[PDB]
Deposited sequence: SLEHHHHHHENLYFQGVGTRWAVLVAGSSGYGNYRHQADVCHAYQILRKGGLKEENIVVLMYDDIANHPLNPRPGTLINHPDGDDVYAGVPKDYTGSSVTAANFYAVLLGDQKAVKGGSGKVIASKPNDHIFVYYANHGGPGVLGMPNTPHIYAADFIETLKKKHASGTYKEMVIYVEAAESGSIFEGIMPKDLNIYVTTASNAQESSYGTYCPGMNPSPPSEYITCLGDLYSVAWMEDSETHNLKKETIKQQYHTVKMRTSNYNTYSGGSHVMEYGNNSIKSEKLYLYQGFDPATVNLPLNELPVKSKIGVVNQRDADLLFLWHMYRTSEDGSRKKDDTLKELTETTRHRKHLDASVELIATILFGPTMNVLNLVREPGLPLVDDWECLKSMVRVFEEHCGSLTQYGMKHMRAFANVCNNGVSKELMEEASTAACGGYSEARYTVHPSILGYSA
């Protein structure tokens, strides 16, 4: 007879990343309808979307083309500059003192309690995005889970992670004895996908020129809201989500949903974590959920999709056209910087830094070195940005190949100085 807790985190901001905060708000409504209490649900979101100037319906958020508002009622626990990696860890550990700013709500859980964690944004190999730097590094996240387990302040925990290369956050480092079960949107090397976007099928209402959701996220949320959670197992949800996210085993506009931690937890019913909604119990015959294939966009290209459609539907015309050209060239400049550093170190052909480790291995052996090499890069080449998280394997392999900090500095200066 425990208490059910939850942490909902959006790791991004900006109207181009509408979907991520819409994902989280939708997740909150599902938990509330299921009977979870607001005091037991901590929400971390930048909160810049609902009243964004570009929002055609101010004060609302939708996570589906024909969907209703999901923004109303969502608590403002940690918004704006308080959405940090440090606050996320502190909330999860339930240490109210370590929290800086915000409402001060934390997961002060007890040994018999259940915890549900859901992250949604951007990502890269070994890294999860945050709207305020520094980003989340996998080792710090796993270590936080270890301390939480050591305190023994929970019975079991389930974690859902929506991000690109999200499997890399847990592979090679996530233990199976922490009473934690984890699912991720993709494996350690592949892209994730956003959905309900303009120019595709299905599309949002024409006034929306940005993506409403993400494939993996809307997969489990639409699943939970249309099924009896007293009957459905975690095992069944994983199976359904994996199938939809893979675009039904075609992997064309789809990714590989991965799982980590203790798999025996999968036998349990979803209501122990997500609550139970009586409305879903014995639905009439003609209202049973029927799912079909949906168009998607690469998670890292959803930004460009937003800028291009805003250009098409439009002096705001060229302000957007100019922002499109500048964004494109900034990304290519950043790609060139990483490529040049790799080329300087190990050459332009069969570059050793581009080698992907076998499934099951950790991305990097020295995680503190990974942080260090990123700082060196940013000191010379400028901020890596959330887009630049795609290049994180290059920095990881610099550490794995034992390249010293001095040589990285030398290569970074030659590549970006001037």
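Counting from residue 1 of the deposited sequence, the stretches lacking C-alpha coordinates in this chain are 1-16, 331-334, 439-455.
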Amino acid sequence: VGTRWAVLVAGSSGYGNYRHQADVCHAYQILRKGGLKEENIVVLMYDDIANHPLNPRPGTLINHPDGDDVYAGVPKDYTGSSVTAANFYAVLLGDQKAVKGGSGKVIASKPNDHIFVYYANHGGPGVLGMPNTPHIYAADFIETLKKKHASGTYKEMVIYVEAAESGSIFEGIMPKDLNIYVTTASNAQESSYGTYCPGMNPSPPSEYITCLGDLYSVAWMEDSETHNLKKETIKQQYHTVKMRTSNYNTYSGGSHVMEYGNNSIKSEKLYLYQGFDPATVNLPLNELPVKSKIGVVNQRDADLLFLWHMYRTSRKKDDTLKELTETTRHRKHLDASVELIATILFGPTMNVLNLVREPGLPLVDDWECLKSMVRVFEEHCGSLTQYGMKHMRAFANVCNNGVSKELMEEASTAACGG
From here on, numbers count along this sequence of modelled residues.
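Mean CA temperature factor is higher for 109-117 when stretches 109-117 and 213-221 are set side by side in the entry. As listed in the deposited structure, the average C-alpha B-factor of 179-187 and of 277-285 is greater for 277-285. Taking the PDB entry at face value, the top CA B factor among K76, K332, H122, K242 belongs to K76. Residues shown: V290, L305, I344, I169. Highest C-alpha temperature factor in the entry: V290. Sorting the modelled residues of the chain by their CA temperature factor places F88 in the middle third. The deposited CA B-factor of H64 belongs to the lowest third of values across its chain.
Sort the chain's modelled residues by C-alpha temperature factor and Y311 lands in the highest third, per the entry. Among the modelled residues of its chain, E162 has a C-alpha B-factor that falls in the lowest third, as given in the PDB entry. Compared with the other modelled residues of the chain, the Cα B-factor recorded for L353 ranks in the middle third.
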